[PDB]
Amino acid sequence: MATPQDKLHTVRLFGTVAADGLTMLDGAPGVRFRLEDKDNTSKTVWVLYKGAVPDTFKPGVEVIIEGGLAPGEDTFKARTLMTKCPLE
């Protein structure tokens, strides 16, 4: 009998945005892209973010996403997005 982590512990994931497969929602606000894991750069997870995608969001910008990869779903549903490098 122990006290575990909170049930609604959302999944904060870290990596960099690729140019390869940076595919936005066709006629809808959002973006699908492969987040290249910095530990293993062949571990490319297809992150799907809905809503206003920042101008600072570019292919090559290291981003912090938050959401979750559902058992059965092939895309990580990011409910929030955080970009580090601005328009440079």
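Description of the structure in this document.

Calculation criteria
Residues numbered from 1 in each chain as written, not as in the entry; some residues may be left out. Heavy atoms only, no water. Salt bridge = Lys/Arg side-chain N within 4 Å of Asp/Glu carboxyl O. Helix = DSSP H or I, 4+ residues; strand = E, 2+ residues; numbered from the N terminus. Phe/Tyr/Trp six-rings, centres within 6.5 Å; stacked < 30°, edge-to-face > 60°. Buried < 20%, exposed > 50% of the residue type's maximum accessible area, 1.4 Å probe, protein only. Contact = heavy atoms within 4.5 Å. Polar contact = N/O pair within 3.5 Å; in protein donor to acceptor, adjacent residues only side chain to side chain. Pairing = 2+ DSSP bridges.

### Quick look at the pattern of salt bridges
Okay, step 1: Taken as a whole and assessed by the stated rule, the structure comprises 6 salt bridges.
Okay, step 2: Residues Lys84 and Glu62 are paired through a salt bridge, measuring 2.8 Å at the closest nitrogen-oxygen approach. One end of the pair, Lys84, is in the segment after β6 (75-83); the other, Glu62, is in strand β5 (residues 62-69), with 22 residues separating them in the sequence.
Okay, step 3: Each member of the salt-bridge network shares a partner with another, and the members are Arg12, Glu66 and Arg79.

### A few points about the packing of aromatic side chains
Okay, step 1: In total, this model carries 1 aromatic pair according to the counting rule given.
Okay, step 2: On the basis of an interplanar angle of 70° and a centroid distance of 5.0 Å, the ring pair of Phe33 and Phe57 is categorised as edge-to-face. Separated by 24 residues along the polypeptide, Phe33 in strand β3 (residues 30-36) and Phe57 in the loop between β4 (44-50) and β5 bring together distant segments of the chain. In terms of burial, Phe33 and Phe57 fall into one category: buried.

### Points about the environment of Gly30
Okay, step 1: One can find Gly30 in strand β3.
Okay, step 2: Spatially, the C-alpha atom of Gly30 lies 17 Å from that of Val45, the residues being 15 residues apart in sequence.
Okay, step 3: Look past the residues within four positions of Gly30 in its chain and what remains in contact with it is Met24, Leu25, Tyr49, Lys50, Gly51 and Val53.

### Focus: the side chain of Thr75
Okay, step 1: Along the chain, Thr75 falls in strand β6.
Okay, step 2: Using a relative accessible area of 3% as the deciding quantity, one classes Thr75 as buried.
Okay, step 3: At 3.0 Å, the side chain of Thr75 forms a polar contact with the side chain of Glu73.
Okay, step 4: Not counting residues up to four positions away in its chain, the partners in contact with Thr75 are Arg32, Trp46, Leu48, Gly68 and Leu69.

### Some words on the pairing of β3
Okay, step 1: By the bridge criterion, 2 bridges tie strand β1 (residues 11-17) to β3 in an arrangement that is antiparallel. Looking at β3, one finds that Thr16 is bridged to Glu36.
Okay, step 2: Where strand β2 (residues 23-24) and β3 come together, 2 bridges link them in antiparallel fashion. Note that in β3 the partner of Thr23 across the bridge is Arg32.
Okay, step 3: Between β2 and β3, which pair antiparallel and follow one another directly, the connecting turn spans 5 residues, one of which, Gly27, has a positive phi of 80°.
Okay, step 4: One ladder, built from 7 bridges, connects β3 with β4; its direction is antiparallel. Residue pairing across strands places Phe33 opposite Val47, the latter belonging to β4.

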